[PDB]
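Heads up, the thing below is written out as structure tokens.
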Amino acid sequence: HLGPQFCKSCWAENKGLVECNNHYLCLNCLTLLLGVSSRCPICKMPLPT
Amino acid sequence: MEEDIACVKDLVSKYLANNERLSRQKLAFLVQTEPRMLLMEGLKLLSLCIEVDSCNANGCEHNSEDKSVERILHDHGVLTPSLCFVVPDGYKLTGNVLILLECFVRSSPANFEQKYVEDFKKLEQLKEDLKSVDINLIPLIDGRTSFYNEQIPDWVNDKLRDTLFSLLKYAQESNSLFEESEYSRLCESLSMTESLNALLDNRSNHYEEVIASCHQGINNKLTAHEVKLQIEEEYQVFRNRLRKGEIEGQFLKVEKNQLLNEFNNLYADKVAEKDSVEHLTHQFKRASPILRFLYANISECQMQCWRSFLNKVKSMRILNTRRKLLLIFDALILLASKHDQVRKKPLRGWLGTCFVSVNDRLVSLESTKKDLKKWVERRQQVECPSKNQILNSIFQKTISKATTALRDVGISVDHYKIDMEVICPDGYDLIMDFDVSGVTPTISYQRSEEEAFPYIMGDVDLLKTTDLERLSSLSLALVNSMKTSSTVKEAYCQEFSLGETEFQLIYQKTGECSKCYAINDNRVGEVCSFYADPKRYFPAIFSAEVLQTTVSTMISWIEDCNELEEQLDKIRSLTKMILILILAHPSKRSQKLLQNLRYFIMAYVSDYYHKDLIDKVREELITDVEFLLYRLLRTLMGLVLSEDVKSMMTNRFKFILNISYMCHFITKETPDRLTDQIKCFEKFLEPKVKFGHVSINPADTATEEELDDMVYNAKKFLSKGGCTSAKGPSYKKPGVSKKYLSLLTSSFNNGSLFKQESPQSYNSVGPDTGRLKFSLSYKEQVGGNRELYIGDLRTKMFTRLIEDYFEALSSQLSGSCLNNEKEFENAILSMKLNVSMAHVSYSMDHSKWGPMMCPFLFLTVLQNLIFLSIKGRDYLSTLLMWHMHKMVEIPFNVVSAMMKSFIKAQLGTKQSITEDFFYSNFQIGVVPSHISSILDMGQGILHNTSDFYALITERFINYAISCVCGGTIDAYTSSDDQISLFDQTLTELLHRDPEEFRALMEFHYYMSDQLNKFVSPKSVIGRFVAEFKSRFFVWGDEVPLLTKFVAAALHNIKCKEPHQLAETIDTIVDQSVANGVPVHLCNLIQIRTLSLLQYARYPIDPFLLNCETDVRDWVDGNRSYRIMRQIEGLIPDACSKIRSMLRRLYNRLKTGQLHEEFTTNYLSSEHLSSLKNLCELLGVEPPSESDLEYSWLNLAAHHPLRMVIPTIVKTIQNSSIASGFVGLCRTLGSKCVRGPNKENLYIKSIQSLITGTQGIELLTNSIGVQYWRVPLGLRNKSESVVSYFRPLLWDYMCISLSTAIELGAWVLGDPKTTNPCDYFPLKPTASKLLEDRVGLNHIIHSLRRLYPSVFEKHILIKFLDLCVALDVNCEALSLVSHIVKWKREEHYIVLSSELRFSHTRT
RNA sequence: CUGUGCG
Ligand SMILES: [Mn+2]
Ligand SMILES: [Zn+2]
Ligand SMILES: [Zn+2]
């Protein structure tokens, strides 16, 4: 339990979410943010895969 | 009985000064035996002593014969009509100049200021009367707060006062004379006087009637269970009537698609449909004349030197032939232009049959030649000069006079590079053969379609700064047009060379008013014409790089979106188009539209918004350019907030919030003051006419009918039929229900919520002198102007009593944060905690908090509270009663405009409400001069009581919601806007039952409407973003709001001393770095400020601004530290040795041999010697002779700049922006620097005297830091110009030592230099020795211990004596200014990437 | 009883 269960990049997704180092993202957001760089644009660390 | 009389006669005989008129009054005083006459003659003696002291201190002749102004005018032979009869204290005649003196003594500050302002008013009336007869008068007023004088000693005068008081112990004087009123006035004039209840309380039955109005129907003594039962039943009834439909819902669930479709359909009748970015760039680059000028693809100097020289000597009036002098100047400039054009140079200051002469005015060649021929012909008619010797002689005469006028002030005319060979023997002939035959310059008011444009409309890509450069040049041209003198073609002209050409901004009207400018070019004639307001084009004057950089930052926030990369260039183009549109067309409507965009995007990322949000966002647009801005905003939101983005919503929300806060780039001033004043009066009056209490001409002695109307409206204000009525609640209607007011007061009572001028008598309306007469003014804001109710000093004191009472009440509680910074910080922390957990946050604003509130509402909520521990509260009640019966002076401009419109309508159209009001009043004879009404809480005059009411009401409403639902609601208010933080239960309720949650929010809205807490349509119920006090929080972080701070920095340029301006800009940039702004943009802001100062030809000093900072000097560095870093960058060798010696000194001082006791004395000797003395005392190698002669030109060395003795003893004594810059450039160009002989001179004279020396070098580092290295051989040798120079190493040592005392010892260490979406909320780690309790701390003790004389004049162990010693003698900075004038910044949210590129030091 | 200062 690290904060609320939302996609920090969407503010809309609450189901089927992946866990970052300190928050959550969505599957669509994970596939869309892995296209620019491996570093998380929120917590600045590599995204798990 | 006579013993005290005889003894005091002895004392006044022995201690009295020897005078001849005082001896006459004495012999007239000692002869009387009646004690009352002794009192009168003693006060007469004191008054005459005061009068003659004032007269000998002011050098005026004493008026003892009680001669009025008519007597003084008749004794000199000046016959005047019947004017005001005023007898002054003294008069002084110097030809046509009269100096008038009036003296008075007052014990109370309110009476003192009352007498001061009435004396000021009568003096101005006498001035206006004396100008009608053409006599110049100057006013002088002597208001003395004490009874001291310079003839009788202090203690004997006190004994005289005490014996006069002891003779008032008897009663024979009391029943013989001195009636109760006069006796009380005299006893108060002899006395030395927070409530002052010693007033003649004659409150009639009206007070008791109004008090009973606050009690009938209201219970205020209910049970903690009965109130909960009533609230539950009321919620049941409300929810029933809501589910049925009898009560309209106000909150709609946020559908982003529907919200965007509602925003795009705004102005559907005037905007066609969606527009692509390409069509927008096409229509934008050729939209308006100012925008057509930009993106146009448009491709020594003896005349300029002569023009500048003659512009310098045109103000000194070298000849009383204004027109003929201007003609001589035009002829000289023509000769200079011809001499320039024959050699090699082209036409530079020409436009075609029109040239730019002195006083930046266009003069036609034909008219110049005709007038010169007429002048020379008329001079030749009298008698030989062959039509050329006379002109040569007169030119030699005027040039000699001008050179002599520039020689005594030290201008050194050879500084202008005049090259005085243009005065040829064939000057007249050379002028008459001058034929340019160019294009005729015109203005062409009301121009035509863009197809009549000379150049190619639109070629500049919106990626280079050329458009911003042209905008900067044009804005500077307008601001310089603001300063034309216009003495006596007639059109004036400024010049702005952009590239390979020199455009000329022509304008016929003068002043800072809105006029019609015409951009002309010599090659194509008139280029553009536009009706512009010059005082609004400031924020782009030199920010060609600042604006490009803020655009680049805003774009880089969303650049790594991976779904805008196909539209990133279009988004950047749209952002720059919006910026250049709001900067090239600063209009209040564009500002309002961007604020409405802020509200829209705040309501876009939420769960529920107000149904009337789009009605508030849509504001009327005119001029077809504001529609272009709306289309740009719509396209930008369509690109950024498209349906298929769903990625990093935080970054896009921040970007659009900054696009909205771009409104601050438009100046917050009024376009026209009359229309905005009428609008403020409309905002003030419309609720009153809609409520039904608009009583005009209050008739200070209140009539029975006026009081009856007042109490009737007081009873009407308490009706507010709730949801239990037939029709239902009428939202947005002023008034508070008796039921909910009783519930609030009952729940507060039990432990459920918190758990000849002095006033002699006073009644229910006012203190027998005025029923709190206020004046209505408008306060400049970005979106819409605010109200201001300004009152006299007595009303100020009464409001201060009320506000102190209610501020104590609020401090006893722990919910409100308006003047409590600790509670604001707790609110920010709780908001971060509630947002980071995605709990529902209700950002509420309250529409019409001022006009709809009521002093009667506060009185009623006060009379029903118990306040278990009656005087004190009765005084508060009668003060609020006075506030109910309050007059507000309608502005004379508003009533004048309304009277003019009434005349125009009666002589010569859907009139408004206030217009109909004024007309109905004018048709019956009465003129509206004051509007006494009940429904007006002053905007600011009742801020503390309004905050307390908001606090208790929001506490009650949250208690009701929690008792009817089962969820706590934290609340934090600022008396206008608030935030409600919901717990986990309400958030889970919204997640599981949206209908019940929206019903709860509708109940909250209805309950707030049952008080005077109408929830504004700008309110937002969102579990992600939260707004409070213009602080936006996204996910526990904070929105940078970069554009707000950037615009606040580009705007705040005052006309004060340049170093104070630099301090202000440094504080603004410190706040900017603190919140969100990166370091490069702030370096560019500081460079922009330095360029603003350089344009004023100011000698930029190293102690102005550091424009090479690396986010290490803002987080944990004072302004002194930044200036020290700048000096270190200047001299990287000597500053190293100085830092070494200062490190050793700090080491030996903090925990070593006692050095502070004699360092205070060591800092008072000569700096050059003391440097080497200290370096040898510490053993470190002293600075070399070459690395010690570095100095900076301190213009304010002998006396500060006279922007029309240490400085720290002066900072504790506590127009427009473009006009401020104009005044700064004018003062820094005129005689601003003062000399040692108390003589003023220009800065040019100081540069000339510097060049009149073989020692100084003038070496600048990179941007004009301008530090000199005057050698030690001529250092203060024979009182040369070197007195203005101040050694740089000494000041650097002072600043470094003071900074080491302020923030740690790490500063002395040698500086070892070592995605735009990451931030680090760090703190200014510093073991300070200047604890924040230093408002009037021991600094004053040190000042009095070291500078006693300075402690007496202009005024009134701890490791602090050095802080006060390092600025009284080391006059470089204040070094203590962020504790008593400015305020420190903590919790720095700076970029983490820019922390790793910083410098470090041990 | 005033500034001439952007390439
Ligand atoms: Mn708010
Ligand atoms: Zn997502
Ligand atoms: Zn992450």
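The way I read the labels, and the way they are meant: chains A, B, ... in the order of the structure tokens, residue 1 as the first residue of every chain, and ligand 1 as the first ligand shown, with later ones counted on from there.
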
Would you pick out the contacts of residue 1386 (chain B) at 12 Å or less, using only C-alpha atoms (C1' of nucleotides), so that residues sharing its chain but fewer than 2 positions from it are not included, and give the list as a tab-separated table (two decimals) with N, CA, C and O atoms, in the first residue's frame?
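See selection_28.tsv below for the written result:
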```tsv
chain	number	residue	atom	x	y	z
B	825	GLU	N	0.36	27.26	7.02
B	825	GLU	CA	1.29	26.16	6.75
B	825	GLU	C	0.68	24.82	7.13
B	825	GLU	O	0.87	23.83	6.42
B	1070	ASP	N	13.86	35.54	-6.04
B	1070	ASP	CA	14.03	34.53	-5.00
B	1070	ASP	C	12.75	33.74	-4.80
B	1070	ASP	O	12.78	32.51	-4.71
B	1071	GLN	N	11.61	34.43	-4.74
B	1071	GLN	CA	10.33	33.73	-4.68
B	1071	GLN	C	10.12	32.85	-5.90
B	1071	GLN	O	9.63	31.71	-5.79
B	1073	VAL	N	12.39	31.39	-7.88
B	1073	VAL	CA	13.21	30.18	-7.73
B	1073	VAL	C	12.64	29.28	-6.66
B	1073	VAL	O	12.68	28.05	-6.77
B	1074	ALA	N	12.07	29.87	-5.60
B	1074	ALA	CA	11.53	29.08	-4.51
B	1074	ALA	C	10.38	28.21	-4.97
B	1074	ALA	O	10.31	27.02	-4.63
B	1075	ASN	N	9.46	28.77	-5.75
B	1075	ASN	CA	8.26	28.00	-6.08
B	1075	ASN	C	8.50	27.03	-7.23
B	1075	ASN	O	8.52	25.81	-7.02
B	1114	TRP	N	20.08	30.88	-4.04
B	1114	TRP	CA	18.70	31.19	-3.71
B	1114	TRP	C	18.17	30.28	-2.60
B	1114	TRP	O	17.52	30.76	-1.67
B	1115	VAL	N	18.47	28.98	-2.69
B	1115	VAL	CA	17.97	28.03	-1.69
B	1115	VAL	C	18.56	28.34	-0.32
B	1115	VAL	O	17.85	28.42	0.68
B	1116	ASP	N	19.88	28.51	-0.26
B	1116	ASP	CA	20.59	28.74	1.00
B	1116	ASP	C	21.57	29.90	0.85
B	1116	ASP	O	22.74	29.81	1.22
B	1117	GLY	N	21.10	31.00	0.28
B	1117	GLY	CA	21.92	32.18	0.13
B	1117	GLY	C	21.13	33.46	0.20
B	1117	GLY	O	20.05	33.56	-0.40
B	1118	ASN	N	21.64	34.45	0.93
B	1118	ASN	CA	21.00	35.75	0.97
B	1118	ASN	C	21.42	36.58	-0.24
B	1118	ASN	O	22.29	36.19	-1.02
B	1321	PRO	N	11.67	19.68	-2.55
B	1321	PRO	CA	11.29	20.67	-1.53
B	1321	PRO	C	12.26	20.69	-0.36
B	1321	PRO	O	11.98	20.10	0.69
B	1322	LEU	N	13.39	21.37	-0.52
B	1322	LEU	CA	14.39	21.44	0.53
B	1322	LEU	C	14.19	22.71	1.35
B	1322	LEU	O	13.28	23.51	1.11
B	1323	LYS	N	15.05	22.88	2.36
B	1323	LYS	CA	14.92	23.99	3.28
B	1323	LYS	C	16.22	24.80	3.32
B	1323	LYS	O	17.30	24.26	3.06
B	1324	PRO	N	16.14	26.09	3.65
B	1324	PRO	CA	17.36	26.89	3.76
B	1324	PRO	C	18.15	26.55	5.02
B	1324	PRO	O	18.04	27.25	6.03
B	1325	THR	N	18.95	25.49	4.96
B	1325	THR	CA	19.75	25.07	6.10
B	1325	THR	C	20.77	26.14	6.47
B	1325	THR	O	21.73	26.38	5.72
B	1326	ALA	N	20.58	26.79	7.61
B	1326	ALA	CA	21.47	27.85	8.05
B	1326	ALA	C	21.30	28.05	9.55
B	1326	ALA	O	20.19	28.33	10.01
B	1383	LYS	N	10.86	39.79	3.74
B	1383	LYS	CA	10.61	38.58	4.52
B	1383	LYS	C	11.37	37.42	3.90
B	1383	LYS	O	11.50	37.32	2.68
B	1384	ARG	N	11.87	36.53	4.76
B	1384	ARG	CA	12.64	35.39	4.29
B	1384	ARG	C	11.74	34.39	3.58
B	1384	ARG	O	10.51	34.38	3.74
B	1388	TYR	N	12.05	25.76	-0.17
B	1388	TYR	CA	12.39	25.99	-1.57
B	1388	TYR	C	12.08	24.75	-2.39
B	1388	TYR	O	12.65	23.68	-2.14
B	1389	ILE	N	11.20	24.89	-3.37
B	1389	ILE	CA	10.88	23.82	-4.31
B	1389	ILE	C	11.63	24.14	-5.60
B	1389	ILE	O	11.14	24.89	-6.45
B	1390	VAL	N	12.83	23.59	-5.75
B	1390	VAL	CA	13.67	23.88	-6.90
B	1390	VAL	C	13.93	22.60	-7.68
B	1390	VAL	O	13.78	21.48	-7.17
```

Determine, for each residue of chain B having at least one atom at most 8 Å from an atom of ligand 2, the closest pair of atoms and their separation in Å to one decimal, counting only C-alpha atoms and all ligand atoms; order by chain and ascending number, as a tab-separated table.
```
residue	atom	partner	partner_atom_place_in_ligand_line	distance
B:646	CA	ligand 2	1 (Zn)	5.9
B:647	CA	ligand 2	1 (Zn)	5.7
B:648	CA	ligand 2	1 (Zn)	7.8
```

For the selection you just gave me, I'd like the residues written to a file as a PDB file, in the first residue's frame, keeping N, CA and C atoms.
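Contents of out_4.pdb, as written:
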```pdb
ATOM      1  N   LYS B 646      -4.455  11.023 -22.342  1.00  0.00           N
ATOM      2  CA  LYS B 646      -4.488  10.142 -21.174  1.00  0.00           C
ATOM      3  C   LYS B 646      -3.083   9.786 -20.692  1.00  0.00           C
ATOM      4  N   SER B 647      -2.239  10.807 -20.564  1.00  0.00           N
ATOM      5  CA  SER B 647      -0.851  10.583 -20.184  1.00  0.00           C
ATOM      6  C   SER B 647      -0.313  11.835 -19.513  1.00  0.00           C
ATOM      7  N   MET B 648       0.374  11.644 -18.387  1.00  0.00           N
ATOM      8  CA  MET B 648       0.929  12.716 -17.557  1.00  0.00           C
ATOM      9  C   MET B 648      -0.014  13.915 -17.494  1.00  0.00           C
TER      10      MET B 648
END
```

Ligand 1: which residues are within 7 Å, counting only C-alpha atoms (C1' of nucleotides) and all ligand atoms? Reply as a ChimeraX atom specification.
/B:843-845,977-979,1027-1030

What's around residue 37 (chain A) at 12 Å? Count only C-alpha atoms (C1' of nucleotides), leave out sequence neighbours fewer than 5 positions away in its own chain, and write the answer as an mmCIF file with C-alpha atoms, in the first residue's frame.
```
data_model
loop_
_atom_site.group_PDB
_atom_site.id
_atom_site.type_symbol
_atom_site.label_atom_id
_atom_site.label_comp_id
_atom_site.auth_asym_id
_atom_site.auth_seq_id
_atom_site.Cartn_x
_atom_site.Cartn_y
_atom_site.Cartn_z
ATOM 1 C CA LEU A 30 3.181 1.674 -19.179
ATOM 2 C CA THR A 31 3.188 0.873 -22.895
ATOM 3 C CA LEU A 32 3.016 4.592 -23.760
ATOM 4 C CA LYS A 44 12.871 9.255 -12.099
ATOM 5 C CA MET A 45 13.836 5.580 -12.012
ATOM 6 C CA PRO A 46 13.678 2.676 -14.485
ATOM 7 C CA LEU A 47 10.185 1.304 -15.038
ATOM 8 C CA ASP B 560 8.142 14.175 -23.082
ATOM 9 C CA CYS B 561 4.491 13.184 -23.433
ATOM 10 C CA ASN B 562 4.996 10.663 -26.286
ATOM 11 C CA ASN B 1315 13.831 16.364 -17.603
#
```

As a quick test: using only C-alpha atoms (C1' of nucleotides) and all ligand atoms, which residues lie no more than 7 Å away from ligand 3? Give them as a compact mmCIF listing (two decimals) with N, CA, C and O atoms, in the first residue's frame.
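Full text of pocket.txt as output:
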```
# COMPACT_ATOMS: atom_id res chain seq x y z
N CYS A 20 4.74 0.90 -9.78
CA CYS A 20 6.07 1.49 -9.97
C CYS A 20 6.86 1.33 -8.67
O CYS A 20 6.48 0.58 -7.77
N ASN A 21 7.98 2.04 -8.56
CA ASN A 21 8.77 1.97 -7.34
C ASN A 21 8.04 2.59 -6.16
O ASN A 21 8.18 2.12 -5.03
N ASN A 22 7.25 3.64 -6.39
CA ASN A 22 6.54 4.29 -5.30
C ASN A 22 5.10 4.69 -5.63
O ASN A 22 4.48 5.41 -4.85
N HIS A 23 4.55 4.24 -6.76
CA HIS A 23 3.17 4.54 -7.11
C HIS A 23 2.70 3.54 -8.15
O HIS A 23 3.37 2.53 -8.42
N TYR A 24 1.54 3.81 -8.74
CA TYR A 24 0.92 2.93 -9.73
C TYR A 24 0.85 3.62 -11.09
O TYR A 24 0.84 4.85 -11.18
N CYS A 40 11.41 6.63 -15.31
CA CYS A 40 10.04 7.02 -14.98
C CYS A 40 9.91 8.54 -15.03
O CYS A 40 10.68 9.24 -14.37
N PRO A 41 8.97 9.08 -15.80
CA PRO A 41 8.78 10.53 -15.83
C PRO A 41 8.16 11.12 -14.57
O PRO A 41 7.86 12.31 -14.55
N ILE A 42 7.96 10.31 -13.53
CA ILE A 42 7.36 10.77 -12.28
C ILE A 42 8.34 10.65 -11.12
O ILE A 42 8.62 11.64 -10.43
N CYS A 43 8.88 9.46 -10.88
CA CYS A 43 9.81 9.23 -9.78
C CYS A 43 11.26 9.12 -10.24
O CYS A 43 12.15 8.96 -9.40
N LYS A 44 11.52 9.22 -11.54
CA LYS A 44 12.87 9.26 -12.10
C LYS A 44 13.67 8.00 -11.72
O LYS A 44 14.68 8.12 -11.01
N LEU A 47 11.50 1.92 -15.19
CA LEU A 47 10.19 1.30 -15.04
C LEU A 47 10.31 -0.21 -15.06
O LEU A 47 10.99 -0.76 -15.94
```

For the structure I just gave you, how does DSSP split region 2-43 of chain A - specifically, which residues are alpha helix (DSSP H)? Reply as a PyMOL selection string.
chain A and resi 27-33

For chain C against chain B, which residues fall within 6 Å using only C-alpha atoms (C1' of nucleotides), given as a list in words?
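Every residue meeting the condition is included here: residues 3, 4, 5 and 7 of chain C.
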
Could you work out which residues of chain B fall inside 10 Å of chain A? Count only C-alpha atoms, and format the result as an MDAnalysis selection string.
chainID B and resid 560:563 605:606 645:651 835:839 1023:1024 1035 1315:1318

Hey, what's within 10 Å of residue 84 (chain B) if we count only C-alpha atoms (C1' of nucleotides) and toss same-chain stuff fewer than 6 positions away? As a PyMOL selection string, please?
chain B and resi 68-70+122+125-126+129

With N, CA and C atoms retained, export the selected residues as a CSV table (one decimal), in the first residue's frame.
```csv
chain,number,residue,atom,x,y,z
B,68,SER,N,-6.2,88.2,9.2
B,68,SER,CA,-6.6,87.2,8.2
B,68,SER,C,-5.9,87.4,6.9
B,69,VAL,N,-6.2,86.6,5.9
B,69,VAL,CA,-5.5,86.6,4.6
B,69,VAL,C,-5.9,87.9,3.9
B,70,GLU,N,-7.1,88.4,4.0
B,70,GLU,CA,-7.5,89.7,3.4
B,70,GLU,C,-6.7,90.8,4.0
B,122,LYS,N,-8.3,73.2,3.9
B,122,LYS,CA,-8.4,74.7,3.9
B,122,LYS,C,-7.3,75.4,3.2
B,125,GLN,N,-7.8,75.0,-0.5
B,125,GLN,CA,-8.8,75.9,-0.9
B,125,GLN,C,-8.2,77.3,-1.0
B,126,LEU,N,-7.4,77.7,-0.1
B,126,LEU,CA,-6.8,79.1,-0.1
B,126,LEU,C,-5.9,79.2,-1.3
B,129,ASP,N,-8.0,79.6,-4.4
B,129,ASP,CA,-8.5,81.0,-4.4
B,129,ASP,C,-7.4,82.0,-4.8
```

Do a neighbour search on region 989-997 of chain B at 12 Å with only C-alpha atoms (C1' of nucleotides), toss out local chain neighbours closer than 2 positions, and write the hits as a ChimeraX atom specification.
/A:14 /B:235-236,239-240,242-243,249,251-254,607-608,838-841,961,964-967,982-987,999-1004,1021-1023

Store the residues picked out above in a file with N, CA and C atoms, as a short mmCIF file (atom, residue, chain, number, x, y, z; two decimals), in the first residue's frame.
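Result went into part.cif, see below:
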```
data_model
loop_
_atom_site.label_atom_id
_atom_site.label_comp_id
_atom_site.auth_asym_id
_atom_site.auth_seq_id
_atom_site.Cartn_x
_atom_site.Cartn_y
_atom_site.Cartn_z
N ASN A 14 -8.43 2.88 -12.44
CA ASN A 14 -8.48 2.34 -11.09
C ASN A 14 -8.47 0.81 -11.11
N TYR B 235 -32.13 17.98 6.32
CA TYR B 235 -31.48 17.28 5.23
C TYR B 235 -32.42 16.29 4.56
N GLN B 236 -33.27 15.62 5.35
CA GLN B 236 -34.26 14.73 4.77
C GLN B 236 -35.20 15.49 3.84
N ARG B 239 -33.26 16.65 0.68
CA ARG B 239 -32.97 15.56 -0.24
C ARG B 239 -34.24 15.08 -0.93
N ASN B 240 -35.37 15.09 -0.21
CA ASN B 240 -36.64 14.75 -0.84
C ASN B 240 -36.99 15.74 -1.94
N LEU B 242 -35.06 17.59 -3.52
CA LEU B 242 -34.07 17.53 -4.59
C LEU B 242 -34.32 16.35 -5.51
N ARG B 243 -34.59 15.17 -4.94
CA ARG B 243 -34.92 14.01 -5.76
C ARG B 243 -36.22 14.22 -6.53
N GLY B 249 -30.57 21.38 -8.89
CA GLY B 249 -29.21 20.99 -8.56
C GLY B 249 -28.21 21.97 -9.15
N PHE B 251 -24.62 21.23 -8.93
CA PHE B 251 -23.36 20.55 -9.19
C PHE B 251 -23.56 19.45 -10.21
N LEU B 252 -22.75 19.49 -11.27
CA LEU B 252 -22.79 18.51 -12.34
C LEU B 252 -21.49 17.70 -12.33
N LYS B 253 -21.61 16.40 -12.59
CA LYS B 253 -20.43 15.56 -12.70
C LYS B 253 -19.58 16.01 -13.88
N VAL B 254 -18.27 16.02 -13.69
CA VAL B 254 -17.35 16.53 -14.70
C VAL B 254 -17.21 15.48 -15.80
N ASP B 607 -14.16 16.07 -10.19
CA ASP B 607 -15.30 15.16 -10.23
C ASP B 607 -16.63 15.87 -10.36
N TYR B 608 -16.78 17.04 -9.75
CA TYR B 608 -18.01 17.81 -9.82
C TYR B 608 -17.67 19.28 -9.98
N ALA B 838 -5.39 11.09 -2.63
CA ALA B 838 -6.52 11.15 -3.56
C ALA B 838 -7.86 11.22 -2.82
N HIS B 839 -7.89 12.00 -1.74
CA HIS B 839 -9.14 12.27 -1.04
C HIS B 839 -9.82 13.48 -1.68
N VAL B 840 -11.15 13.49 -1.61
CA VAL B 840 -11.92 14.54 -2.27
C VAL B 840 -11.63 15.88 -1.61
N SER B 841 -11.29 16.87 -2.42
CA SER B 841 -10.99 18.21 -1.96
C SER B 841 -11.97 19.18 -2.60
N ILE B 961 -22.66 18.27 8.10
CA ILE B 961 -22.42 17.23 7.10
C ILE B 961 -21.92 15.96 7.77
N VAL B 964 -24.81 14.26 9.61
CA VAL B 964 -25.86 13.73 8.73
C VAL B 964 -25.34 12.66 7.77
N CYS B 965 -24.03 12.53 7.61
CA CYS B 965 -23.46 11.52 6.73
C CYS B 965 -22.55 10.55 7.47
N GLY B 966 -21.63 11.05 8.29
CA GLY B 966 -20.70 10.20 9.00
C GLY B 966 -19.28 10.36 8.52
N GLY B 967 -18.92 11.57 8.10
CA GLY B 967 -17.57 11.83 7.63
C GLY B 967 -17.06 13.20 8.01
N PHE B 982 -12.00 16.34 2.69
CA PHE B 982 -12.84 15.24 3.13
C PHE B 982 -11.99 14.04 3.51
N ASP B 983 -12.49 13.23 4.42
CA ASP B 983 -11.76 12.07 4.90
C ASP B 983 -12.00 10.88 3.97
N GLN B 984 -11.61 9.69 4.42
CA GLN B 984 -11.74 8.50 3.59
C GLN B 984 -13.20 8.12 3.36
N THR B 985 -14.08 8.41 4.32
CA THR B 985 -15.47 7.97 4.21
C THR B 985 -16.19 8.68 3.07
N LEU B 986 -16.03 10.00 2.97
CA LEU B 986 -16.70 10.73 1.90
C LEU B 986 -16.13 10.37 0.53
N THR B 987 -14.82 10.12 0.45
CA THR B 987 -14.24 9.69 -0.82
C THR B 987 -14.77 8.33 -1.23
N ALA B 999 -25.86 14.75 -3.57
CA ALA B 999 -26.92 15.27 -2.71
C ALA B 999 -26.32 15.93 -1.47
N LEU B 1000 -25.26 15.34 -0.91
CA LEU B 1000 -24.58 15.97 0.21
C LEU B 1000 -23.96 17.30 -0.19
N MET B 1001 -23.39 17.37 -1.40
CA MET B 1001 -22.78 18.62 -1.84
C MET B 1001 -23.85 19.68 -2.14
N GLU B 1002 -25.00 19.26 -2.67
CA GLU B 1002 -26.10 20.19 -2.84
C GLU B 1002 -26.62 20.68 -1.50
N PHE B 1003 -26.64 19.80 -0.49
CA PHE B 1003 -27.03 20.22 0.85
C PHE B 1003 -26.02 21.20 1.42
N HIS B 1004 -24.73 20.96 1.16
CA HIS B 1004 -23.71 21.91 1.58
C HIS B 1004 -23.92 23.27 0.93
N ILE B 1021 -15.05 20.44 -6.92
CA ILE B 1021 -15.00 19.29 -6.03
C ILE B 1021 -14.19 18.19 -6.70
N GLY B 1022 -12.90 18.16 -6.45
CA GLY B 1022 -12.02 17.21 -7.11
C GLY B 1022 -11.09 16.54 -6.13
N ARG B 1023 -10.87 15.25 -6.33
CA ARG B 1023 -10.03 14.46 -5.44
C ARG B 1023 -8.58 14.40 -5.90
#
```

Excluding region 168-182 of chain B and any residue of its chain fewer than 5 positions from it, enumerate the residues within 9 Å of it, using only C-alpha atoms (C1' of nucleotides), and give them as a short mmCIF file (atom, residue, chain, number, x, y, z; two decimals) with N, CA and C atoms, in the first residue's frame.
```cif
data_model
loop_
_atom_site.label_atom_id
_atom_site.label_comp_id
_atom_site.auth_asym_id
_atom_site.auth_seq_id
_atom_site.Cartn_x
_atom_site.Cartn_y
_atom_site.Cartn_z
N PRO B 35 -8.45 82.73 39.33
CA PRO B 35 -7.75 81.49 38.93
C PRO B 35 -8.09 81.00 37.54
N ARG B 36 -9.35 81.15 37.11
CA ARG B 36 -9.71 80.76 35.75
C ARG B 36 -8.95 81.58 34.73
N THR B 163 0.33 71.65 38.39
CA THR B 163 -0.32 72.62 39.27
C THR B 163 -1.60 73.15 38.64
N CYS B 187 -10.03 68.95 30.08
CA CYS B 187 -9.35 67.91 30.85
C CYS B 187 -8.73 66.86 29.94
N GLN B 760 -17.65 63.45 21.75
CA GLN B 760 -18.04 63.49 23.15
C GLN B 760 -19.13 62.49 23.50
#
```
